[PDB]
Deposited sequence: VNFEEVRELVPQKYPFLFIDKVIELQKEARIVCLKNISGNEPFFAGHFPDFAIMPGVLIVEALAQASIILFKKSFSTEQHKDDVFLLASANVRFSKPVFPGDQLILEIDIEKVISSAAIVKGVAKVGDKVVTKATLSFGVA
């Protein structure tokens, strides 16, 4: 799934769309997405002026947007997140977002997310969603 298709699946748009493509998809099971980290993204100017580092909260949003793609190919709002920010992410990194469904029902979904650069884990989260 290329960026043009991702844009239509994900309701978020610039400057708050943090998926570039889908790399792997097992419906009702798992998705793997890619987000290129570019020094030319607007949030880096503010985080931080002296040192560009990807904000952990935006890794969480990327994981949530990957989950939404997984849901839709099988209005979702993040209902909760339990996240550990293990390692920092920099311009030049290719961020890999892996989502595994834990449980889905008509009104909610609970997933486990792992963010990786290469195959070093940089972020792990459990996310829950509601069907607003």
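> Please list, in sequence order, every stretch of the deposited sequence that lacks C-alpha coordinates.
Unmodelled stretch: 75-83 only.
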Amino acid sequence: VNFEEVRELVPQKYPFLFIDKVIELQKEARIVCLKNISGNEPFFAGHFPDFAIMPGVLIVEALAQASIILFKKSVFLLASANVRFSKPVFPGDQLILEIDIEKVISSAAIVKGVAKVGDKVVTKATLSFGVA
From here on, numbers count along this sequence of modelled residues.
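> Comparing 81-89 with 39-47, which stretch shows the greater average C-alpha B-factor in the deposited entry?
Mean B over CA atoms: larger for 81-89.
> Looking at the entry, does 100-108 or 63-71 show the higher mean C-alpha B-factor?
The deposited B-factors put 100-108 ahead on the C-alpha mean.
> Determine, from the deposited record, the chain-internal third of the Cα B-factor for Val122: lowest, middle or highest.
For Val122, the deposited C-alpha B-factor lands in the middle third.
> Sort the modelled residues of this chain by their C-alpha B factor and say whether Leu9 lands in the lowest, middle or highest third.
As the PDB entry reports it, the C-alpha B-factor of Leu9 lands in the highest third of its chain.
> Could you say whether, by C-alpha temperature factor, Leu17 belongs to the lowest, middle or highest third of its chain?
Lowest third - that is where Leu17 ends up once the chain's C-alpha B-factors are sorted.
> Compared with the other modelled residues in the chain, in which third is the CA B-factor of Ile53?
Bottom third by C-alpha B-factor.
> For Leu95, does the deposited CA B-factor place it in the lowest, middle or highest third of the chain?
As the PDB entry reports it, the C-alpha B-factor of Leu95 lands in the lowest third of its chain.
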